[PDB]
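Student: Make a model of this:
(chains A and B)
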Amino acid sequence: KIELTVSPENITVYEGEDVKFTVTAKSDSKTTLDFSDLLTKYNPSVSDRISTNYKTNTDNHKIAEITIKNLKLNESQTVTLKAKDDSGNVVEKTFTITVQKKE
Amino acid sequence: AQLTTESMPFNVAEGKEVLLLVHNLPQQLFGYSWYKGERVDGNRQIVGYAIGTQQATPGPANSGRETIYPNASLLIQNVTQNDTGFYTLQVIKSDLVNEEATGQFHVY
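Tutor: Numbers count the residues shown, from 1 in each chain, chains lettered A, B, ... in the order given. This is the structure:
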């Protein structure tokens, strides 16, 4: 019933550089996303970092491009995203971000 | 119930306190950040507070008179001229649909 996918599955990026990815969750009955984990991990202090463009929002076909601004060196995690619908179905789909230096 | 921000007083004497009240804190909210001014600008953050972590981290605009409360209310103590003006509050939510909502107060 519920689909949930994350654009670049296992992301990697140089420190200072930003992270794009697009969460895509569709289903019959209203689907909403849960970035509880994404937020606690990458926005532990509340702040304007993380932009979230909902490209085709809709009731049932939620797609969102998230952009995590200026990754620091120690911000590598696997993060579990979630999608919930009305009937009461949950879906956890995990994905990894990993960061490095340039010199 | 669109997030509103009465300040008490509206017109604040120098050295007195003012308290920015917040009236419609949503549900499935991850935290609140106060900013100085009209727009939600990173450079101009006063403070954030995540409710889960229950931890408030001063931003670059903090002057150490603010005492943000878990109900999103601010309270600026011993105010002086440069405090005068607008103060956007943003409430970020589990689903990343956020809520800006600005208030004011003028110092004399």
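Student: what sits against residue 64?
Tutor: Assuming you mean chain A. Going by Cβ atoms under 8 Å, 6 or more residues apart in numbering or on different chains, residue A:64 touches A:22-24, A:33, A:52-55, A:57, B:96. C-beta: built from backbone N, CA, C; applies to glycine.
Student: sorry, should have said chain B
Tutor: Taking Cβ under 8 Å, 6+ apart as the criterion, residue B:64 is in contact with residue B:58.
Student: And what about it, helix, strand or coil?
Tutor: Judged by DSSP: H, G, I helix; E, B strand; the rest coil, the three-state class of residue B:64 is coil.
Student: where's it relative to chain A, distance?
Tutor: Remark: distance between residue B:64 and chain A (Cβ to the nearest Cβ, to the nearest Å) = 16 Å.
Student: which among the contacts of residue A:64 end up buried?
Tutor: For the contacts of residue A:64, a neighbour count by 16 or more other Cβ atoms under 10 Å in any protein chain shown gives the buried set as A:23-24, A:33, A:52, A:54, B:96.
Student: name the element the residue nearest the centre of chain B belongs to?
Tutor: Geometric centre of chain B, nearest residue: residue B:34, 3.5 Å, by Cα atoms, centre = their mean. Per DSSP states H and E, residue B:34 falls inside strand B:29-35.
Student: Buried residues, the following helix or strand past that strand. List them.
Tutor: Counting by DSSP H and E, the next helix or strand C-terminal to strand B:29-35 is strand B:45-50. When burial is assessed from 16+ other Cβ under 10 Å, strand B:45-50 yields the following buried residues: B:45-50.
Student: One more: stretch B:21-39?
Tutor: Of the residues in stretch B:21-39, those with enough neighbours to count as buried (16+ other Cβ under 10 Å) are B:22, B:25, B:29-36.
Student: picking that back up, do you know how far the nearest residue to the residue nearest to the centre of chain B once chain neighbours are set aside is from residue B:9?
Tutor: The shortest distance from residue B:34 to any residue other than its chain neighbours is 4.0 Å, reached at residue B:46 (Cβ to Cβ, 6 or more residues apart in numbering or on different chains). When Cβ to Cβ, to the nearest Å is the yardstick, residue B:46 and residue B:9 sit 19 Å from each other.
Student: now swap in residue B:106 and tell me
Tutor: Going from residue B:106 to residue B:9 by Cβ to Cβ gives 9 Å.
Student: Could you do residue B:47 as well?
Tutor: When Cβ to Cβ is the yardstick, residue B:47 and residue B:9 sit 21 Å from each other.
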